[PDB]
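Hydrogens, waters and symmetry mates play no part in the numbers below; they use all other heavy atoms, side chains included. Lettering of chains follows the sequences in order, A, B, ..., and the numbering in each one begins at 1.
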Amino acid sequence: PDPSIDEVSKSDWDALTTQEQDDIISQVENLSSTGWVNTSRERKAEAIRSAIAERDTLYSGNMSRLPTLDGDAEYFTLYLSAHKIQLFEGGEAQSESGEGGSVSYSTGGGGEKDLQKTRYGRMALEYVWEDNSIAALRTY
Amino acid sequence: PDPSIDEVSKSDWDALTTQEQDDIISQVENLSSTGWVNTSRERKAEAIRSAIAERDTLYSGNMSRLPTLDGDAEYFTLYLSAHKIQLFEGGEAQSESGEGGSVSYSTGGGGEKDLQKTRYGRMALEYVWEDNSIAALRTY
Amino acid sequence: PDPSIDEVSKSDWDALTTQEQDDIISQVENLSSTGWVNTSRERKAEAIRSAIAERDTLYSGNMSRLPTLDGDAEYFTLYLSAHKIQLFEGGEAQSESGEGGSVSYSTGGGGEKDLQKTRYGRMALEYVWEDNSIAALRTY
Amino acid sequence: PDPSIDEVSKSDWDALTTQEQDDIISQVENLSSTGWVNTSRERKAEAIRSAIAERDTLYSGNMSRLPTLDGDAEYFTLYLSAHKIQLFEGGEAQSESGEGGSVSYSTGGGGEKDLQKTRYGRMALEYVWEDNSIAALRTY
Amino acid sequence: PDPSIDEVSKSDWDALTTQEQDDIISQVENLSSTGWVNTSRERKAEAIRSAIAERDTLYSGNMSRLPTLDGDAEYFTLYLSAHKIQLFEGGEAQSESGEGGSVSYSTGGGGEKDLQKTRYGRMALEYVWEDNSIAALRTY
Amino acid sequence: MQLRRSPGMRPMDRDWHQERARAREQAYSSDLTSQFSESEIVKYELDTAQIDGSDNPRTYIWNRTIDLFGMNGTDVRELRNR
Amino acid sequence: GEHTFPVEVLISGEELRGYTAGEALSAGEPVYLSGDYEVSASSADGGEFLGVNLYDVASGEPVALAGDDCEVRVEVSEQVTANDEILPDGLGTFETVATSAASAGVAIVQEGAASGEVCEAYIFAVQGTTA
Amino acid sequence: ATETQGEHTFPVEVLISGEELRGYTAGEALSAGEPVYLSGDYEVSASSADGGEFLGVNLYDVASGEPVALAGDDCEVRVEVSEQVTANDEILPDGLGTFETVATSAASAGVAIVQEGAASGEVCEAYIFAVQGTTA
Amino acid sequence: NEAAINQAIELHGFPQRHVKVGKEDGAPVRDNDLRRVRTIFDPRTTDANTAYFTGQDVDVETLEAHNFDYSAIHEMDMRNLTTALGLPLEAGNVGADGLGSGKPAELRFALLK
Ligand SMILES: [K+]
Ligand SMILES: [K+]
Ligand SMILES: [K+]
Ligand SMILES: [Mg+2]
Ligand SMILES: [Mg+2]
Ligand SMILES: [Mg+2]
């Protein structure tokens with residue numbers, strides 16, 4: 001995308017043209033085989049705006065003078081966006097069934113905090129020290 | 001929205017025009033792929049009014065000099081609102097089955113506190129230090 | 001409502017006009033998408049009267065010099081009312097089924113104490129230090 | 001492939017011709033007997049670009065002077081790509097059933113971390129010390 | 001085979017004639033009663049090339065001057081190849097069912113790590129000290 | 001009658017001096033609300049203390065991310081040209 | 001807002017100089033010469049930078065400037081990355097040369113930061129009235 | 001950068017004057033006298049061939065990831081030049097570990113000024129007066 | 001060894017305060033968050049009878065003074081050096097059992113004379 005998702009903050013996102021936003025939306029839609037086609041544009045936009053906000057407010061700053069967002073900020077924001085869209089869609093499907101057959105997925109259910117609860121969140125969680133607390137500070 | 005949900009108190013919400021409330025309601029409805037269309041306006045207004053009230057009474061103030069609402073107050077109040085609407089709808093659906101077609105979601109035994117019991121609540125919880133008690137004071 | 005549910009004690013509730021009570025009942029009915037419309041007025045009035053009484057007797061007074069009702073007293077009393085109505089309806093539905101399909105809710109567990117046992121009770125419980133014993137007192 | 005997946009960084013991937021990318025995509029598609037043929041070209045490209053970015057940021061650097069990527073960087077990046085494509089498809093299937101038979105795969109996860117959640121991730125994880133922390137450093 | 005699989009490195013495999021590769025592919029196909037006949041040549045070639053690379057990078061060197069690949073390096077590379085092919089086919093079958101009957105296998109929920117996930121991996125694992133850490137070293 | 005907290009008495013209190021000195025030494029800015037409790041601001045009349053960060057030693061101390069020359073903790077108001 | 005700023009402006013460097021505040025100024029604010037040894041908050045687009053104010057001052061008070069040849073913590077009004085050149089934004093913050101109408105910066109970002117965060121930067125130049 | 005004396009080769013001391021020594025992480029293996037630029041958070045790498053990539057010169061040979069001492073601006077340095085230079089020439093990182101003139105480069109401003117002239121491949125003495133970063 | 005002892009006393013001879021912040025497996029605390037905690041517990045601002053009030057998720061741990069026998073190391077260094085220079089151990093302000101009196105004293109003083 002012309003502006004990349006890591007280059008824009010919450011106020012910048014609001015200032016983008018529809019096309020600049022649609023480029024980023026289209027990139028987020030690459031992270032699912034279904035593309036979440038049955039979810040409308042406003043909801044995808046809201047998920048991205050919200051992911052940008054959380055990146056800048058929850059997953060920013062430094063930790064023992066290391067960056068908190070240690071991984072690629074582009075893919076972190078896209079995975080955080082995909083996590084949000086999948087939660088607006090009601091969560092991970094553990095199983096799906098109908099006339100076309102049945103499938104059951106290896107989700108395991110061991111996750112209990114927010115980012116642990118979907119595959120996109122579990123990917124995003126590697127970019128940010130797995131939410132570990134390695135901050136350290138000194139007196140002088 | 002013209003006034004943003006983080007800019008308004010409980011008294012301000014009561015003072016807003018119907019359009020200013022409807023813009024905020026429309027924003028909250030973006031957080032579900034279903035938009036909770038079968039739940040009436042009054043209930044969505046009550047959920048938002050309650051979320052604003054609960055933010056300002058229950059997730060406000062400081063722990064040490066740090067603010068207790070660390071994340072973006074907009075998305076916090078929206079996720080707290082979405083948690084309330086989903087509880088007014090009866091809770092998370094763990095599983096849904098219709099005309100043969102069936103789905104099961106990876107909700108699991110996520111916890112026992114209020115915010116742990118919904119996907120929106122688990123998201124909101126990350127903005128407020130996950131309800132941890134990092135407060136500290138000293139004598140003078 | 002004209003008098004708010006936090007502005008009335010049990011004897012005040014008894015003294016209200018039918019319309020003033022109906023405004024408060026209508027506010028409680030917003031907390032469920034169903035409105036509990038198949039449960040009669042007398043039962044909703046009894047639940048509210050009981051919530052007012054139970055607030056003033058069990059969820060009042062100080063712990064240390066902090067009020068035991070930390071959150072908004074309005075929404076606390078409304079959630080406590082909704083909790084009571086949901087218990088008069090038989091408890092939380094964990095699963096529902098018929099001609100129109102099936103749904104299972106993530107409302108499993110719910111601890112052992114009454115407020116833990118429905119979603120409205122779990123919400124109410126956050127307003128009141130989660131029923132914890134933080135009171136301290138001294139000699140002089 | 002002419003340039004190999006281990007020879008290209010994120011910016012290099014963007015600089016490749018469509019044919020050089022399609023050769024790398026074709027190599028990744030060898031890692032599943034299904035070839036993920038129902039996923040579109042853009043999604044496979046996104047998964048590879050992400051795997052390259054994630055390798056260079058999360059699985060790079062030294063660890064007690066040992067390189068953190070100990071195994072072959074080619075096959076590591078391919079397994080990390082296949083892991084991502086499999087997560088864009090859902091999870092791993094634990095079970096599949098339909099008109100033509102049923103099967104169950106013993107794809108039970110080794111734990112809650114992302115790489116543990118698919119067979120490709122479990123393979124990739126052996127190339128990188130199984131995500132262990134063998135770093136050591138001295139004062140001078 | 002004329003060049004044996006233990007005599008070729010990754011660059012040697014790429015330099016073999018198609019017949020020399022097909023002799024080695026044929027040998028790997030003997031490790032399953034099904035021969036994986038419905039999986040194409042290029043997937044089997046990718047599995048073998050990957051097994052050669054992974055042998056030379058993850059299962060090479062010494063521990064206390066003992067070779068880390070203690071068993072026959074031919075059969076280790078063939079089992080490592082068969083492990084990869086079986087994972088490209090989706091994993092172990094735990095259970096299979098259809099018109100021709102049903103069978104369930106003693107797969108029994110094998111442990112968290114890569115080689116533990118299939119029968120070929122469990123065989124390969126005996127050739128490499130079961131992935132144990134018996135290395136020892138001295139100062140002089 | 002005058003209590004220790006009564007407004008006419010504050011200048012006589014050893015603690016009122018000591019904690020105002022403490023506040024001057026401990027601030028990074030004149031913006032009290034971001035740094036001190038309502039209790040501290042009222043009890044020690046911190047509006048009237050010349051708080052601005054200029055008397056905090058840590059305003060002047062080098063605190064470099066990579067310190068080759070072992071030079072962190074040095075205070076610039078102790079250099080020869082000061 | 002919380003206006004959170006437990007921020008030590010100086011990272012490293014000897015190069016602090018004295019001026020008179022021409023208005024009330026705040027720690028980490030970029031400033032320029034508004035009169036004879038008098039300094040005021042920099043406007044946008046690169047005609048106006050001498051250094052950053054270390055600590056809060058009222059109008060007419062003596063002020064310490066972190067000049068060039070010095071290292072500082074400064075708030076950015078946009079996202080920035082290592083090697084970005086930056087200059088005063090007019091809003092009491094810095095922004096990139098790339099965002100501004102100016103062709104050249106006054107400090108070089110050494111540690112990146114998101115919009116409204118504090119970056120770590122090395123000040124290397126001053127800008128005045130060229131017409 | 002080397003001086004010959006009989007059989008012997010001596011490394012020249014890079015830093016002639018100045019005290020703007022400052023410490024960074026090596027983003028790659030680097031050798032004494034190379035021009036470098038910021039490549040990540042407190043991380044420096046060898047400068048590319050035109051403008052916008054200079055913070056200082058590396059003072060000693062390092063493996064990747066080691067801490068590096070730079071001479072920054074406000075220093076006089078001994079540096080190898082890839083072309084003939086004269087007093088008053090502005091010079092710029094060359095992309096080859098050397099410097100070259102601004103006149104030769106695609107850029108329009110230097111990072112150091114030549115104080116003593118030198119032939120191609122010889123050691124120049126120069127004063128570092130500026131850094132260069134991403135302006136876009 | 002004298003330099004080693006002096007340096008070891010500075011690092012190890014005195015207890016040091018270690019405040020740990022946040023719940024274990026809880027929400028992470030960043031450097032700016034620790035800055036506001038450092039302000040409350042700053043040893044320069046602390047005085048002997050300061051009391052602390054906290055939530056459950058703040059721990060005031062201690063690096064204890066890590067006992068080592070620098071006296072015995074000093075005695076060993078002095079015994080090495082004094083004997084190397086031919087002096088009696090007593091010239092170094094160090095003594096030993098059974099060497100203070102009788103034939104054991106008479107001999108070392110005979111050797112010195
Ligand atoms: K005191
Ligand atoms: K502008
Ligand atoms: K050129
Ligand atoms: Mg190795
Ligand atoms: Mg000089
Ligand atoms: Mg968390």
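When heavy atoms are compared at a cutoff of 4.5 Å, G:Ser103 approaches chain H solely by way of its backbone atoms N, CA, C and O. With a 4.5 angstrom heavy-atom cutoff, H:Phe129 does not touch chain G via any of its atoms.
H:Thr25 and H:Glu43 form no side-chain donor-acceptor contact under 3.5 Å, judged by distance and modelled atom types alone.
With chain H as the partner, the residue from G:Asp69, G:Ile86, G:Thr96 showing the most heavy-atom pairs under 4.5 Å is G:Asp69. Counting heavy-atom pairs closer than 4.5 Å to chain G, the top residue among H:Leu55, H:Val44, H:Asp41 is H:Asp41.
Among the candidates G:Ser43, G:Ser42, G:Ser40, the single residue satisfying the side chain to side chain donor-acceptor pair (under 3.5 Å) test with G:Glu48 is G:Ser43.
Of the possible polar contacts, one joining the H:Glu90 side chain to the H:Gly110 backbone as a donor-acceptor pair under 3.5 Å is found.
Residues G:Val118 and G:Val74 fail the side-chain proximity criterion, which asks for heavy atoms closer than 4.5 Å.
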